[PDB]
C-alpha cells in the first residue's frame, strides 16, 4: 500500500537502516493508516513521502550470528506489533497463520522461537514494504539544508548514500530523519588486525571461508563470556568435530541472564516514561543495578548445556589438560604473535586479577560485544545546529534530538533509535518495546497529518 517516492522529491521521513527498529516504525505507520485498525484513517488524503535506506542487499537480522539451534531471548509476544495492537496483521501469530504453521508452533509450548524463524517473521514483515525500501544503500552523511539559502534557518536535510555494488553517491531530501542503524562490532584495542582474528558478528560469514575443511584438527579460541561467546563455543564442537577449542574469559565464570518477573518489568513499554524522568545519577545507578538482564550474561539452559558437556569430558578423562574443549577463567590476552611461518597464531595469556599459558590457534573468535556510536559520524555536519557549546546529542522522550529553535524550523528534525539506552533504559536496543515505540514514533513524526483526519 505504501507507494514509492521519486528520489528527487522532498520526503516527509527518511529512515537510515531497515532493521527491527525501522521495521517497527514502518509497521506502525501502516497500522495508523489502516482504516480497519485506526478508524480516523478513512479521512487521510495523501500518503506521506517515506523512504528507508538499508546497506544490506536484502533484509537480514544478525545473519553472521545465525548459529544453528540458536533461540530467541524474548517472548514472541514482544514482536513488532502485538503490545501496541494484537489485531495487527503484522503480529508473529498472524505470520504463523499465514505460513500455515500456527497450530504446529502451539504444540511446541514455547515463547522462544528459533532465531532463524523469528528472522523469517521479520523478513515476512519487511517484504511488504519493499516499494519504500532502498537496499544496497549505505548512508555516509546527513547534511543540513535551507530552502531559502539566504536565510539562517534549516528546514530540510540531505541524506547521502553510497551504492554498495557500484560505489556511486545518491542524495535524498527530507524534512525529518530517523537514525536506526544498531551497533558496530567492538574489538579489544590491544588485539592486532589479522584475518584469523574475527568478531562474533561475522562467525557464520567469515570463519568457514578461513577454515574450509570441517574435518581438520584446528585449534580455535573464543574470547568473551556473553551470550555470543557461549553460543560460538558450543557450536564449534559440532561445526568442527575434530577441533580443539578454548574459551578465554576474564570473569571467573559464565553468569545467567536475569529474566525473573519482577526484575523483568524494567522492560515494560510504560516504564520508559518512568526511566526517562529519572536523573543522570539514578539512571546510571539503575543501568548498573540491572546489567545482568542483558550484558555479559548467558541463558541458563545454555550454561547448563555447556557445563554438562564439560562434565562428560571429566567422565572420559580426569585430566583437565587433556580435554578437547576447555575453558580458561580469569585470563586476559597480553600478546598475539601472528608473523610466524605456520598457520597458527600464538596467544600469550595472563591472570585477569590485579605468568600463564600460551595457546597456538588457527583462529580467534572475538565475542566482545558492540558499540553504539556510528550515528556520530553521520551527524558531524549537523552538529552545529545543536545548542551552543553542547557536544553530545540530547534525545527527548520522543527520541527527537535537541536542536537550536532559532536555527532549525519546527517542521525539521532528527530522531535517534536504538542507541538511547542511557536516557530510555535497557529495553532501548532490544525488541522489547519496538511495537509501542514504533507507534509513539509515528505520532511524533506524522502526528500533524494524522490529527487532520482524527
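In this text, the rigid core denotes the largest set of C-alpha atoms whose superposition between the two forms falls within 1.5 Å. Positions refer to the first chain, counted from 1.
Farther on average from this form in 6 other deposited structures of this protein lies stretch 337 to 345, the comparison being between 323 to 331 and 337 to 345 by RMS Cα distance after core superposition. Of the two stretches examined, 78 to 86 and 314 to 322, the one with higher mean CA deviation in 6 other deposited structures of this protein after a rigid core fit is 314 to 322. Among other compared entries that model residues flanking residue 408, every one gives it coordinates, keeping it clear of the one-third cutoff. Missing-residue comparison: residue 355 falls in the unmodelled set for a third or more of the other PDB entries checked. The modelled chain is continuous from residue 341 to residue 342, with every intervening residue of the deposited sequence accounted for. According to the PDB record, 283 to 291 carries the higher mean C-alpha B-factor of the two stretches 283 to 291 and 103 to 111.
For the pair 115 to 123 and 134 to 142, the mean Cα B-factor is higher in 134 to 142. The PDB entry assigns the greatest CA B-factor among 400, 39, 30, 62 to 39. The top Cα temperature factor in the record, among 87, 71, 384, 299, falls on 384. In the PDB entry, residue 79 places in the lowest third of its chain by CA B-factor. Residue 46: CA B factor in the highest third of modelled residues in this chain (values from the PDB entry). Ranked against the other modelled residues of its chain, the C-alpha B-factor of residue 265 as given in the entry falls in the middle third.
Among all modelled residues in this chain, the alpha-carbon of residue 440 has a temperature factor (C-alpha) in the lowest third.
When the modelled residues of the chain are ordered by C-alpha B-factor, residue 58 sits in the middle third.
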